[PDB]
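Protein chains in written order, with the authors' numbering: chain E, 36 to 100; chain E', 36 to 100; chain A, 3 to 99, 126 to 191, 208 to 283, 289 to 351; chain A', 3 to 99, 126 to 191, 208 to 283, 289 to 351. A prime marks a further copy of an entry chain.
Don't be surprised by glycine CBs; every beta carbon is placed ideally from N, CA and C.
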Amino acid sequence: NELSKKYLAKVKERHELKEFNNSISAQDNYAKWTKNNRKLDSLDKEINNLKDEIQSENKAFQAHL
Amino acid sequence: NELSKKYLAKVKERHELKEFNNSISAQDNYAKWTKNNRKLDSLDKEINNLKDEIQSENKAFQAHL
Amino acid sequence: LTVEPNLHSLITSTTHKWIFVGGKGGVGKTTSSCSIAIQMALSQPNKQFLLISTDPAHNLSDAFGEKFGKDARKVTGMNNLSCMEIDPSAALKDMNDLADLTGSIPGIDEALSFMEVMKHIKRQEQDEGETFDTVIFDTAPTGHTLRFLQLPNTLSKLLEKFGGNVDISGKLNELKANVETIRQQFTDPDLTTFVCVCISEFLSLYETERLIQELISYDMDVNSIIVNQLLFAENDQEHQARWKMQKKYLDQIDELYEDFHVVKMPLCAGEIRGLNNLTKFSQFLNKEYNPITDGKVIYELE
Amino acid sequence: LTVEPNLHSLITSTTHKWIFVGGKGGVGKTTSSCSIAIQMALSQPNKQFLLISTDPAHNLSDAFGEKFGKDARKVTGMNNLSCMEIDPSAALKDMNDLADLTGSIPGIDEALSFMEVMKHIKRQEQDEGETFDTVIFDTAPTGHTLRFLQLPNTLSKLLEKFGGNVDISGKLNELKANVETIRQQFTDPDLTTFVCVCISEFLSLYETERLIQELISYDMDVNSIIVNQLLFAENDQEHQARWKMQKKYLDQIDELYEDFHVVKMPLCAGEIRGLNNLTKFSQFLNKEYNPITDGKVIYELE
Ligand SMILES: Nc1ncnc2c1ncn2[C@@H]1O[C@H](COP(=O)(O)OP(=O)(O)O)[C@@H](O)[C@H]1O
Ligand SMILES: Nc1ncnc2c1ncn2[C@@H]1O[C@H](COP(=O)(O)OP(=O)(O)O)[C@@H](O)[C@H]1O
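Quick look at the structure:
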């Protein structure tokens, strides 16, 4: 319920945000543009955290009968 | 006569040039300044070549009785 | 027997197939990259072109005011210039979900990413059955995008004296090929070349000097420098402290690179966006800009 | 309850001991680096200062018109500001005539080079029996000069799961100390801080945004941005297209960083060299520049 509803919500959200950022002048809206970017850089890691959260729980059930 | 007169001539020349470059406005004489630099970048390697020329002739006399 | 201060020679060339455009700092790499394309695309109607960008901020889309994606579209208002925006860093990151020996070897990640680009291109020429005679690279803003050219020589300096614990030493010899087949090409002054953009201020002249050196080592052909955003303040309709300095450096650059095609572009009032202006501005890459006569064309841009 | 658009808070501070100054592109890092020093040196006569530079082109010597070397000299015309120009890359290259595990580990070379600097400093405070209360770093123009701050955390992510074939795993644990003792300091918003220089154009605002992020990760305190080379063209004695754009970005930056000390400097006619001008220009870091009233002081500079 975690390694799924999470790994998606975000990857999805990120994916959703990514396309939006590509609908604004990084030039006329540098303000917003960079804000969004900063965000994506965040999701980019917590998704890369759930990628190890989901991988530690595997090397776990198999190292423990 | 080589691994000495060479390894010096240059290291020396370089050393000599280095101090000179530090006597001119990298700003008012960018022309000359960068020329000299390009040069030093050359000596910087052939000196690093004689550093292996002198080191291959050691691993040589000792690998060959 | 001096060298023409413009890119005509290049825009006229029929031999080249690869042209790289780059320069750090906000000096107009993008603007120049687009300019060389359009200019190349207008001067040779027969040939089909491709202007590609790796930048994630999708700059070419900003430059033309159109939405170019991963699919080689054609510029609206053109006939042989097509733009393609792709992000290799992301692509190469999916077929990698280890690279341990990549971070270990300086130059791998690049080669990889590059080839990931070429692929996306030959793929476009298949589903589109359309062959590109020349491609223009809007080199990434930061990072040494094309450092892999040394990959060959370096992979040799760690084989005769260095070691599926060996299926690694195989798909690696297989690479020192893809790369050397390529490097051999880019190292051919007739097929590929690099154009450096730069603003005429100190720190920028340095960087571009650095770069030129970097390309020299790689044995890539560096022959042209386009100095962008110049003032020529004295030729305005009426009365400047910066132009005094710029002029200063300009003289220096002419003296430093005597065999180079040093192009001087003007700093227009406001953005240079869209085909209509880009084309209008780009022509100064072919026939050099004359502050006197052409003083007006730089005020037609918005 | 807004934040003051200037560095007064910093120049007034008595707590700080370390202040880093940096920014790519020819935007005035050097000029700013000198300015913060002089300003800091004049506002606190009791304290003794040190402005150091790693750049090989010897920029501080260019900025003041004096010949500062490896020996901490005092600025002629000053009393508590001393400049020191050193090249670590060369130094660390002599006691290395292997580092194989350096290129292998990202961040080693830096830490090393840094410590090579600190040394040359404590050495100056010994033969000179003169203690520096605050030092200012003219961060290297290219390269991540201070990336070693991650060295600790990374050296741990390769110890519990990784291995005189072991005298290496010793003089290494000995380092993950020197670095963490340090990192702990620089990561103290009261002792050390970073000031970013930037020109108000797109590509430059990007880079500085990048950088700010980089410093954020390192857990370094980034609080101030000095936007240099502004026009304020409308306040001249009489009639500009660039100022329109700059103004554009300025508004954006104020909106992006609301809690930041955003300082706006003016673009004077010609160089800003030597103590007399540097001091004159620097005061606009303390009391913000007013285009109206202070429009003249920017024409006293050469
Ligand atoms: N010669 C010029 N004169 C006036 N404005 C220019 C000129 N060249 C570029 N620009 C401006 O700069 C912007 C493009 O900057 P850009 O080329 O993307 O910097 P970079 O190449 O480093 O990415 C455009 O919006 C345009 O308004
Ligand atoms: N605000 C300014 N107005 C006018 N000229 C400036 C200003 N700031 C810096 N300069 C000029 O730029 C030069 C210093 O550039 P520099 O600070 O060394 O670029 P960087 O910091 O990237 O090394 C000086 O010679 C000076 O003439």
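- Residue environment: A/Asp280 is assigned as exposed (fewer than 16 neighbouring CB atoms within 10 Å of its CB, all protein chains considered).
- Secondary structure note for A/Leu255: its alpha helix (DSSP H) is the uninterrupted segment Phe246 to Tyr262.
- Secondary structure at A/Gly67: coil, using DSSP grouped into helix, strand and coil.
- For E'/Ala61, the nearest beta carbon of chain A' is closer than 8 Å to its own beta carbon.
- The residues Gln41, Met42, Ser45 and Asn335, in chain order, have a CB closer than 6 Å to that of A'/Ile13 in the same chain once the five nearest residues on each side in sequence are set aside.
- Not one heavy atom of ligand 1 lies closer than 7 Å to the C-beta of A/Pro58.
- Put simply, the CB of E/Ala95 is far from chain A', with every gap to its CB atoms at 8 Å or more.
- The DSSP-derived three-state label of A/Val5 is coil.
- At a beta-carbon threshold of 9 Å, the residues of chain E' lying near A/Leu249 are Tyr65 and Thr69, ordered along the chain.
- Assigned with DSSP and collapsed to three states, A/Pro90 falls in helix.
- With fewer than 16 other beta carbons inside 10 angstroms of its own, A/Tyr348 counts as exposed.
- Here the C-alpha atom of A/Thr78 lies approximately 49 Å from the C-alpha atom of E'/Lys74.
- A'/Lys215 and E/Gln97 have their C-alpha atoms some 37 Å from each other.
- Residues of the same chain with a CB within less than 8 Å of the CB of E/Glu81, apart from the 5 flanking positions on each side, are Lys45 in chain order.
- Between A'/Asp263 and A'/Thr17, the C-beta gap is not smaller than 8 Å, which leaves the two residues out of contact.
- Taking one beta carbon from each stretch, the segment 68 to 85 of chain A' and the segment 132 to 143 of chain A' have fewer than 3 pairs nearer than 8 Å; the two do not touch.
- Within the same chain, Cβ atoms closer than 8 Å to the Cβ of A/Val29 are found at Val241, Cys242, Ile243, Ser248, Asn272 and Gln273, the five residues on either side in sequence being excluded.
- For A'/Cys242, the enclosing beta strand (DSSP E) begins and ends at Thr236 to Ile243.
- The three-state reading of DSSP puts A'/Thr78 in strand, counting E and B together.
- Put simply, of A/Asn81, A/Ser15 and A/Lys72 the residue whose alpha carbon is nearest the alpha carbon of A/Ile88 is A/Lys72.
- Bounds of the beta strand (DSSP E) holding A'/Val23 are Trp20 to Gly24.
- Distance from the Cα of A/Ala168 is smallest, within the candidate group A/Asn61, A/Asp211 and A/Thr236, for A/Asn61.
- Between A/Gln301 and E'/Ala66, the C-beta gap is smaller than 8 Å, which places the two residues in contact.
- A'/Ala318 belongs to the set of residues whose beta carbon lies under 8 Å from a beta carbon in chain A.
- Put simply, the CB of E'/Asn57 is near chain A', with a gap under 8 Å to one of its CB atoms.
- The alpha-carbon separation between A'/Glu304 and E/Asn72 amounts to approximately 15 Å.
- At a cut-off of 8 Å between beta-carbon atoms, A/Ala74 makes no contact with chain E.
- The shortest C-alpha to C-alpha distance from A'/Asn48 to any of A'/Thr159, A'/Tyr306 and A'/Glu245 is the one to A'/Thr159.
- In the three-state DSSP reduction, A'/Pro180 falls in the helix class (H, G or I).
- For A'/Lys313, the enclosing beta strand (DSSP E) starts and ends at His310 to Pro315.
- At a cut-off of 8 Å between beta carbons, A/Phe246 contacts chain A'.
- Under the three-state reduction of DSSP output, A/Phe142 falls in the helix class.
- The residue from A'/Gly191, A'/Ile164, A'/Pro180 and A'/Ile269 with its alpha-carbon nearest to that of A'/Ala139 is A'/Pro180.
- In chain order, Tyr65 and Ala66 make up the part of chain E' whose C-beta sits under 7 Å from the C-beta of A/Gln301.
- Under DSSP, A/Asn272 takes part in a beta bridge, and its partners are A/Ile243.
- For ligand 1, no non-hydrogen atom lies closer than 7 Å to the CB of A/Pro47.
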